[PDB]
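Enquirer: PDB, C-alpha atoms, file final20.pdb:
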```
MODEL        1
ATOM      1  CA  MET A   1       0.000   0.000   0.000  1.00  0.00           C
ATOM      2  CA  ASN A   2       1.110   3.560  -0.580  1.00  0.00           C
ATOM      3  CA  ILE A   3      -0.155   7.075  -0.729  1.00  0.00           C
ATOM      4  CA  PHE A   4      -1.580   6.670  -4.207  1.00  0.00           C
ATOM      5  CA  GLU A   5      -3.513   3.531  -3.411  1.00  0.00           C
ATOM      6  CA  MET A   6      -4.604   5.018  -0.178  1.00  0.00           C
ATOM      7  CA  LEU A   7      -6.073   8.133  -1.696  1.00  0.00           C
ATOM      8  CA  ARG A   8      -7.411   6.218  -4.693  1.00  0.00           C
ATOM      9  CA  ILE A   9      -9.398   4.371  -2.048  1.00  0.00           C
ATOM     10  CA  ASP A  10     -10.585   7.470  -0.143  1.00  0.00           C
ATOM     11  CA  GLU A  11     -11.475   9.579  -3.143  1.00  0.00           C
ATOM     12  CA  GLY A  12     -12.653   7.155  -5.805  1.00  0.00           C
ATOM     13  CA  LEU A  13     -12.367   7.894  -9.561  1.00  0.00           C
ATOM     14  CA  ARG A  14     -14.931   9.773 -11.694  1.00  0.00           C
ATOM     15  CA  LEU A  15     -14.267  10.765 -15.239  1.00  0.00           C
ATOM     16  CA  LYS A  16     -17.182  13.197 -15.318  1.00  0.00           C
ATOM     17  CA  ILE A  17     -17.652  16.479 -13.359  1.00  0.00           C
ATOM     18  CA  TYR A  18     -19.235  15.724  -9.933  1.00  0.00           C
ATOM     19  CA  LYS A  19     -20.007  17.338  -6.574  1.00  0.00           C
ATOM     20  CA  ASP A  20     -17.874  16.462  -3.641  1.00  0.00           C
ATOM     21  CA  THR A  21     -19.042  15.960  -0.089  1.00  0.00           C
ATOM     22  CA  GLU A  22     -19.192  19.712   0.378  1.00  0.00           C
ATOM     23  CA  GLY A  23     -21.067  20.159  -2.925  1.00  0.00           C
ATOM     24  CA  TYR A  24     -18.054  21.538  -4.920  1.00  0.00           C
ATOM     25  CA  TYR A  25     -17.257  20.668  -8.481  1.00  0.00           C
ATOM     26  CA  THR A  26     -14.662  18.002  -8.649  1.00  0.00           C
ATOM     27  CA  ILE A  27     -13.453  15.440 -11.152  1.00  0.00           C
ATOM     28  CA  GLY A  28     -11.009  12.538 -11.402  1.00  0.00           C
ATOM     29  CA  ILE A  29      -9.441  11.380  -8.136  1.00  0.00           C
ATOM     30  CA  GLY A  30     -10.635  14.069  -5.839  1.00  0.00           C
ATOM     31  CA  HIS A  31      -9.435  16.983  -7.921  1.00  0.00           C
ATOM     32  CA  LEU A  32     -11.276  20.148  -6.789  1.00  0.00           C
ATOM     33  CA  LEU A  33     -12.123  22.307  -9.684  1.00  0.00           C
ATOM     34  CA  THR A  34     -13.913  25.176  -8.149  1.00  0.00           C
ATOM     35  CA  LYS A  35     -15.786  26.371  -5.123  1.00  0.00           C
ATOM     36  CA  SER A  36     -18.006  28.388  -7.438  1.00  0.00           C
ATOM     37  CA  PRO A  37     -21.566  27.143  -7.824  1.00  0.00           C
ATOM     38  CA  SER A  38     -21.260  27.439 -11.632  1.00  0.00           C
ATOM     39  CA  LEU A  39     -20.951  24.424 -13.815  1.00  0.00           C
ATOM     40  CA  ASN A  40     -19.608  26.626 -16.430  1.00  0.00           C
ATOM     41  CA  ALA A  41     -17.034  27.980 -14.112  1.00  0.00           C
ATOM     42  CA  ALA A  42     -16.143  24.329 -13.408  1.00  0.00           C
ATOM     43  CA  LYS A  43     -16.002  23.383 -17.048  1.00  0.00           C
ATOM     44  CA  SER A  44     -13.717  26.238 -17.777  1.00  0.00           C
ATOM     45  CA  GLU A  45     -11.346  25.410 -14.839  1.00  0.00           C
ATOM     46  CA  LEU A  46     -11.294  21.854 -16.205  1.00  0.00           C
ATOM     47  CA  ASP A  47     -10.241  22.868 -19.731  1.00  0.00           C
ATOM     48  CA  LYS A  48      -7.573  25.073 -18.302  1.00  0.00           C
ATOM     49  CA  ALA A  49      -6.319  22.127 -16.183  1.00  0.00           C
ATOM     50  CA  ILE A  50      -6.390  19.562 -19.031  1.00  0.00           C
ATOM     51  CA  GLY A  51      -5.342  21.879 -21.784  1.00  0.00           C
ATOM     52  CA  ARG A  52      -8.248  21.066 -23.974  1.00  0.00           C
ATOM     53  CA  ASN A  53     -11.895  21.561 -24.555  1.00  0.00           C
ATOM     54  CA  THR A  54     -13.221  18.693 -22.534  1.00  0.00           C
ATOM     55  CA  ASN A  55     -16.881  19.272 -22.323  1.00  0.00           C
ATOM     56  CA  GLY A  56     -16.864  18.101 -18.641  1.00  0.00           C
ATOM     57  CA  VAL A  57     -15.329  14.696 -19.366  1.00  0.00           C
ATOM     58  CA  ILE A  58     -11.794  13.321 -19.190  1.00  0.00           C
ATOM     59  CA  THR A  59     -10.086  10.078 -19.800  1.00  0.00           C
ATOM     60  CA  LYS A  60      -8.436   7.895 -17.166  1.00  0.00           C
ATOM     61  CA  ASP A  61      -4.972   8.841 -18.126  1.00  0.00           C
ATOM     62  CA  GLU A  62      -5.956  12.491 -17.763  1.00  0.00           C
ATOM     63  CA  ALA A  63      -7.387  11.796 -14.330  1.00  0.00           C
ATOM     64  CA  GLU A  64      -4.163   9.974 -13.316  1.00  0.00           C
ATOM     65  CA  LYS A  65      -2.087  12.854 -14.437  1.00  0.00           C
ATOM     66  CA  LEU A  66      -4.055  15.368 -12.357  1.00  0.00           C
ATOM     67  CA  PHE A  67      -3.702  12.924  -9.481  1.00  0.00           C
ATOM     68  CA  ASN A  68       0.133  12.764  -9.661  1.00  0.00           C
ATOM     69  CA  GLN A  69       0.266  16.489  -9.922  1.00  0.00           C
ATOM     70  CA  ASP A  70      -1.953  16.772  -6.939  1.00  0.00           C
ATOM     71  CA  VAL A  71      -0.036  14.280  -4.760  1.00  0.00           C
ATOM     72  CA  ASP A  72       3.219  16.058  -5.543  1.00  0.00           C
ATOM     73  CA  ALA A  73       1.833  19.458  -4.686  1.00  0.00           C
ATOM     74  CA  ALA A  74       0.489  18.243  -1.321  1.00  0.00           C
ATOM     75  CA  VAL A  75       3.939  16.817  -0.486  1.00  0.00           C
ATOM     76  CA  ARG A  76       5.564  19.990  -1.496  1.00  0.00           C
ATOM     77  CA  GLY A  77       3.027  22.214   0.398  1.00  0.00           C
ATOM     78  CA  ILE A  78       3.827  20.223   3.542  1.00  0.00           C
ATOM     79  CA  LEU A  79       7.582  20.643   3.049  1.00  0.00           C
ATOM     80  CA  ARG A  80       7.259  24.382   2.605  1.00  0.00           C
ATOM     81  CA  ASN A  81       4.992  24.759   5.574  1.00  0.00           C
ATOM     82  CA  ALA A  82       6.884  25.774   8.747  1.00  0.00           C
ATOM     83  CA  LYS A  83       4.181  24.233  10.855  1.00  0.00           C
ATOM     84  CA  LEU A  84       3.807  21.039   8.870  1.00  0.00           C
ATOM     85  CA  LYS A  85       7.341  20.141   7.935  1.00  0.00           C
ATOM     86  CA  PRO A  86       8.618  19.378  11.362  1.00  0.00           C
ATOM     87  CA  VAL A  87       5.681  17.150  11.983  1.00  0.00           C
ATOM     88  CA  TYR A  88       6.124  15.347   8.757  1.00  0.00           C
ATOM     89  CA  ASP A  89       9.826  14.977   9.437  1.00  0.00           C
ATOM     90  CA  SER A  90       9.258  13.376  12.808  1.00  0.00           C
ATOM     91  CA  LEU A  91       6.940  10.654  11.447  1.00  0.00           C
ATOM     92  CA  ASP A  92       7.559   7.136  10.105  1.00  0.00           C
ATOM     93  CA  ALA A  93       6.589   6.254   6.511  1.00  0.00           C
ATOM     94  CA  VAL A  94       3.022   5.113   7.177  1.00  0.00           C
ATOM     95  CA  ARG A  95       2.038   7.986   9.287  1.00  0.00           C
ATOM     96  CA  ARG A  96       3.370  10.511   6.780  1.00  0.00           C
ATOM     97  CA  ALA A  97       1.019   9.054   4.217  1.00  0.00           C
ATOM     98  CA  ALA A  98      -1.707   9.766   6.701  1.00  0.00           C
ATOM     99  CA  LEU A  99      -0.638  13.373   6.979  1.00  0.00           C
ATOM    100  CA  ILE A 100      -0.479  13.733   3.204  1.00  0.00           C
ATOM    101  CA  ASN A 101      -4.076  12.389   2.977  1.00  0.00           C
ATOM    102  CA  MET A 102      -5.333  15.088   5.311  1.00  0.00           C
ATOM    103  CA  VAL A 103      -3.552  17.834   3.350  1.00  0.00           C
ATOM    104  CA  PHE A 104      -4.817  16.538   0.054  1.00  0.00           C
ATOM    105  CA  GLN A 105      -8.285  16.567   1.504  1.00  0.00           C
ATOM    106  CA  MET A 106      -8.400  19.788   3.412  1.00  0.00           C
ATOM    107  CA  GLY A 107      -5.517  21.817   2.201  1.00  0.00           C
ATOM    108  CA  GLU A 108      -2.510  22.992   4.020  1.00  0.00           C
ATOM    109  CA  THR A 109      -4.625  25.593   5.484  1.00  0.00           C
ATOM    110  CA  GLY A 110      -7.282  23.213   6.812  1.00  0.00           C
ATOM    111  CA  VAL A 111      -4.577  21.142   8.472  1.00  0.00           C
ATOM    112  CA  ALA A 112      -2.785  24.182   9.994  1.00  0.00           C
ATOM    113  CA  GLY A 113      -5.983  24.393  12.173  1.00  0.00           C
ATOM    114  CA  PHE A 114      -5.032  21.031  13.951  1.00  0.00           C
ATOM    115  CA  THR A 115      -1.411  21.787  14.613  1.00  0.00           C
ATOM    116  CA  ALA A 116      -1.824  23.441  17.791  1.00  0.00           C
ATOM    117  CA  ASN A 117      -3.156  20.270  19.144  1.00  0.00           C
ATOM    118  CA  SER A 118      -3.355  16.995  17.293  1.00  0.00           C
ATOM    119  CA  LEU A 119      -0.233  17.700  15.345  1.00  0.00           C
ATOM    120  CA  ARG A 120       1.662  18.492  18.433  1.00  0.00           C
ATOM    121  CA  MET A 121       0.580  15.229  19.953  1.00  0.00           C
ATOM    122  CA  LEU A 122       1.689  13.450  16.835  1.00  0.00           C
ATOM    123  CA  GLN A 123       5.046  15.081  16.985  1.00  0.00           C
ATOM    124  CA  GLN A 124       5.360  13.891  20.583  1.00  0.00           C
ATOM    125  CA  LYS A 125       4.340  10.379  19.592  1.00  0.00           C
ATOM    126  CA  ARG A 126       1.218  10.223  21.798  1.00  0.00           C
ATOM    127  CA  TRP A 127      -0.749   8.112  19.390  1.00  0.00           C
ATOM    128  CA  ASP A 128      -3.773   7.296  21.452  1.00  0.00           C
ATOM    129  CA  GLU A 129      -4.185  10.907  22.587  1.00  0.00           C
ATOM    130  CA  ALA A 130      -3.776  12.476  19.213  1.00  0.00           C
ATOM    131  CA  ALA A 131      -6.376  10.045  17.827  1.00  0.00           C
ATOM    132  CA  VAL A 132      -8.933  11.202  20.369  1.00  0.00           C
ATOM    133  CA  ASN A 133      -8.077  14.841  19.714  1.00  0.00           C
ATOM    134  CA  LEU A 134      -8.272  14.403  15.985  1.00  0.00           C
ATOM    135  CA  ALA A 135     -11.827  13.028  16.331  1.00  0.00           C
ATOM    136  CA  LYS A 136     -13.070  16.260  17.933  1.00  0.00           C
ATOM    137  CA  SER A 137     -13.311  18.066  14.673  1.00  0.00           C
ATOM    138  CA  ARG A 138     -15.684  19.063  11.971  1.00  0.00           C
ATOM    139  CA  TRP A 139     -13.614  16.858   9.696  1.00  0.00           C
ATOM    140  CA  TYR A 140     -14.522  13.774  11.743  1.00  0.00           C
ATOM    141  CA  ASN A 141     -18.190  14.647  12.032  1.00  0.00           C
ATOM    142  CA  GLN A 142     -18.624  15.345   8.305  1.00  0.00           C
ATOM    143  CA  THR A 143     -16.654  12.520   6.905  1.00  0.00           C
ATOM    144  CA  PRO A 144     -16.488   9.993   9.673  1.00  0.00           C
ATOM    145  CA  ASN A 145     -15.560   6.754   7.751  1.00  0.00           C
ATOM    146  CA  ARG A 146     -12.659   8.353   6.005  1.00  0.00           C
ATOM    147  CA  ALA A 147     -11.573  10.235   9.104  1.00  0.00           C
ATOM    148  CA  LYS A 148     -11.642   6.955  10.980  1.00  0.00           C
ATOM    149  CA  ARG A 149      -9.314   5.342   8.424  1.00  0.00           C
ATOM    150  CA  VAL A 150      -6.858   8.168   8.584  1.00  0.00           C
ATOM    151  CA  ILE A 151      -6.943   8.337  12.394  1.00  0.00           C
ATOM    152  CA  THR A 152      -6.386   4.564  12.676  1.00  0.00           C
ATOM    153  CA  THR A 153      -3.367   4.932  10.475  1.00  0.00           C
ATOM    154  CA  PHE A 154      -1.843   7.586  12.744  1.00  0.00           C
ATOM    155  CA  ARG A 155      -2.798   5.551  15.759  1.00  0.00           C
ATOM    156  CA  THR A 156      -1.260   2.313  14.660  1.00  0.00           C
ATOM    157  CA  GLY A 157       1.301   3.178  12.049  1.00  0.00           C
ATOM    158  CA  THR A 158      -0.059   0.231   9.921  1.00  0.00           C
ATOM    159  CA  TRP A 159      -2.290   0.091   6.826  1.00  0.00           C
ATOM    160  CA  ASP A 160      -4.864  -2.110   8.551  1.00  0.00           C
ATOM    161  CA  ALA A 161      -7.772   0.338   8.068  1.00  0.00           C
ATOM    162  CA  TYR A 162      -7.144   0.057   4.362  1.00  0.00           C
ATOM    163  CA  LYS A 163      -6.906  -3.728   4.188  1.00  0.00           C
TER     164      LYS A 163
ENDMDL
END
```
Step by step, read the file and then write its structure as structure tokens.
Expert:
Amino acid sequence: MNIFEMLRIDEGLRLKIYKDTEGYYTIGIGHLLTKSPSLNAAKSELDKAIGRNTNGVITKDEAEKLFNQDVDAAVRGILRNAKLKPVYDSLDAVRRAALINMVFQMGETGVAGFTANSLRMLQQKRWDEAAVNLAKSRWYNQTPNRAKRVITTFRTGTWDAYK
């Protein structure tokens, strides 16, 4: 298992424009297009992203390309973030994948909002405690099954929630 397989599991794959859990236009493997309520706005962001007139539909290869781009950017956002980097650097390989998953999902910004607490606990290696803290969040309440998988990953350092 690895970050790609993990997120491929959490996000699914849709080749046609769709609304995410928050109701935003997305496509592919969790690729947010726009927060705008306009399908046309979405369609235009998509063409700009793909480099072609898609008409709201892409191929699998196109989806996979956006996905790689997106995993890379998350990794790089973490490494540039003064609050995230140190956390990421203190973790083992499994747990980092868990941190990338959160960032991919909520943005570097969304995650920044956990550092003061859960992230600190992670950095200190208090697995059980961070897991409880992580669960007290809008993130957990809105997307509980996914949050549970991520949280189990941080808790145990294994891929069990994904097998």
Enquirer: To one decimal in Å, tell me the separation between CA of residue 62 (chain A) and CA of residue 32 (chain A).
Expert: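 Taking CA of residue 62 (chain A) as the start and CA of residue 32 (chain A) as the end point, the length is 14.4 Å.
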Enquirer: So what does the PyMOL selection byres ((chain A and resi 60) around 9) actually pick up in this one, as a PyMOL selection string?
Expert: chain A and resi 13-15+28+58-59+61-65
Enquirer: Store the residues picked out above, limited to C-alpha atoms, as a CSV table (one decimal), keeping the file's coordinate frame.
Expert:
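Saved to part_36.csv:
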```
chain,number,residue,atom,x,y,z
A,13,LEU,CA,-12.4,7.9,-9.6
A,14,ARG,CA,-14.9,9.8,-11.7
A,15,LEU,CA,-14.3,10.8,-15.2
A,28,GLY,CA,-11.0,12.5,-11.4
A,58,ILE,CA,-11.8,13.3,-19.2
A,59,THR,CA,-10.1,10.1,-19.8
A,61,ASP,CA,-5.0,8.8,-18.1
A,62,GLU,CA,-6.0,12.5,-17.8
A,63,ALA,CA,-7.4,11.8,-14.3
A,64,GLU,CA,-4.2,10.0,-13.3
A,65,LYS,CA,-2.1,12.9,-14.4
```
Enquirer: Counting only C-alpha atoms, what is within 9 Å of region 47-52 of chain A, bar same-chain residues fewer than 4 positions away, as number ranges by chain?
Expert: A: 33, 42-43, 56, 58, 62, 66
Enquirer: Which residue is closest to residue 8 (chain A)? Choose from A:68, A:137, A:55, A:21 and count all atoms listed in the file.
Expert: A:68
Enquirer: Let me make sure I understand: among A:95, A:83, A:19, A:138, which one has the smallest atom-to-atom distance to residue 115 (chain A) if we use all atoms listed in the file?
Expert: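 Checking each candidate against residue 115 (chain A), we get A:83 as the closest.
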Enquirer: Of the residues A:45, A:20, A:10, A:108, which is the one nearest to residue 144 (chain A), using all atoms listed in the file?
Expert: A:10
Enquirer: In Å to one decimal, how far is CA of residue 16 (chain A) from CA of residue 76 (chain A)?
Expert: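 One can read the CA of residue 76 (chain A) to CA of residue 16 (chain A) distance as 27.5 Å.
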Enquirer: I need the output of the PyMOL selection byres ((chain A and resi 146) around 10) for this file as JSON, numbers by chain; which residues are they?
Expert: {"A": [9, 10, 11, 101, 102, 139, 140, 142, 143, 144, 145, 147, 148, 149, 150, 151, 152, 161]}
Enquirer: Which residue, A:156, A:5, A:30, A:12, has the smallest gap to residue 94 (chain A) when you use only C-alpha atoms?
Expert: A:156
Enquirer: Quick one: what's the axis-aligned box for region 85-103 of chain A, all listed atoms, 6 Å on every side, centre and edges in Å to one decimal, as AutoDock Vina command-line options?
Expert:
```
--center_x 2.2 --center_y 12.6 --center_z 7.9 --size_x 27.2 --size_y 27.0 --size_z 21.8
```
Enquirer: Have a look at CA of residue 120 (chain A) and CA of residue 159 (chain A) and let me know their distance in Å, one decimal.
Expert: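 Value for the CA of residue 120 (chain A)-CA of residue 159 (chain A) distance: 22.1 Å.
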Enquirer: Of the candidates A:154, A:97, A:113, A:22, which one gets nearest to residue 129 (chain A) if we count all atoms listed in the file?
Expert: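 Checking each of A:154, A:97, A:113, A:22 against residue 129 (chain A), counting all atoms listed in the file, the winner is A:154.
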Enquirer: Counting only C-alpha atoms, which of A:109, A:153, A:141, A:2 gets nearest to residue 82 (chain A)?
Expert: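 Once distances to residue 82 (chain A) are computed over only C-alpha atoms, the minimum belongs to A:109.
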Enquirer: Counting all atoms listed in the file, what is within 8 Å of region 87-92 of chain A, bar same-chain residues fewer than 3 positions away, as a list in words?
Expert: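 Final neighbour list, sorted by chain and number: residues 78, 79, 83, 84, 95, 96, 99, 119, 120, 122, 123 and 157 of chain A.
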Enquirer: The PyMOL selection byres ((chain A and resi 74) around 8) - which residues does that actually catch in the file I just gave you? List them as a PyMOL selection string.
Expert: chain A and resi 70-73+75-78+100+103-104+107-108
Enquirer: Output requested as a compact mmCIF listing (two decimals), in the coordinates of the input - region 58-70 of chain A, filled out with N, CA and C atoms.
Expert:
```
# COMPACT_ATOMS: atom_id res chain seq x y z
N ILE A 58 -13.20 13.62 -18.95
CA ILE A 58 -11.79 13.32 -19.19
C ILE A 58 -11.62 11.83 -19.27
N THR A 59 -10.45 11.45 -19.70
CA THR A 59 -10.09 10.08 -19.80
C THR A 59 -9.33 9.71 -18.52
N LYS A 60 -9.08 8.43 -18.35
CA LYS A 60 -8.44 7.90 -17.17
C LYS A 60 -7.00 8.34 -17.00
N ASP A 61 -6.32 8.37 -18.10
CA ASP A 61 -4.97 8.84 -18.13
C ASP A 61 -4.92 10.28 -17.70
N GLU A 62 -5.89 11.10 -18.14
CA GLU A 62 -5.96 12.49 -17.76
C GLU A 62 -6.18 12.65 -16.27
N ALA A 63 -7.06 11.80 -15.76
CA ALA A 63 -7.39 11.80 -14.33
C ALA A 63 -6.14 11.44 -13.50
N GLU A 64 -5.39 10.42 -13.96
CA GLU A 64 -4.16 9.97 -13.32
C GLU A 64 -3.07 11.03 -13.34
N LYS A 65 -3.03 11.78 -14.39
CA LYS A 65 -2.09 12.85 -14.44
C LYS A 65 -2.41 13.95 -13.42
N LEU A 66 -3.68 14.35 -13.34
CA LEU A 66 -4.06 15.37 -12.36
C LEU A 66 -3.70 14.84 -11.00
N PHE A 67 -3.96 13.54 -10.79
CA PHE A 67 -3.70 12.92 -9.48
C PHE A 67 -2.21 13.02 -9.06
N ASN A 68 -1.30 12.66 -9.96
CA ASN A 68 0.13 12.76 -9.66
C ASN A 68 0.48 14.19 -9.33
N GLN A 69 -0.04 15.09 -10.16
CA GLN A 69 0.27 16.49 -9.92
C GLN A 69 -0.17 16.90 -8.56
N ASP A 70 -1.37 16.46 -8.22
CA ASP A 70 -1.95 16.77 -6.94
C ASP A 70 -1.22 16.12 -5.77
```
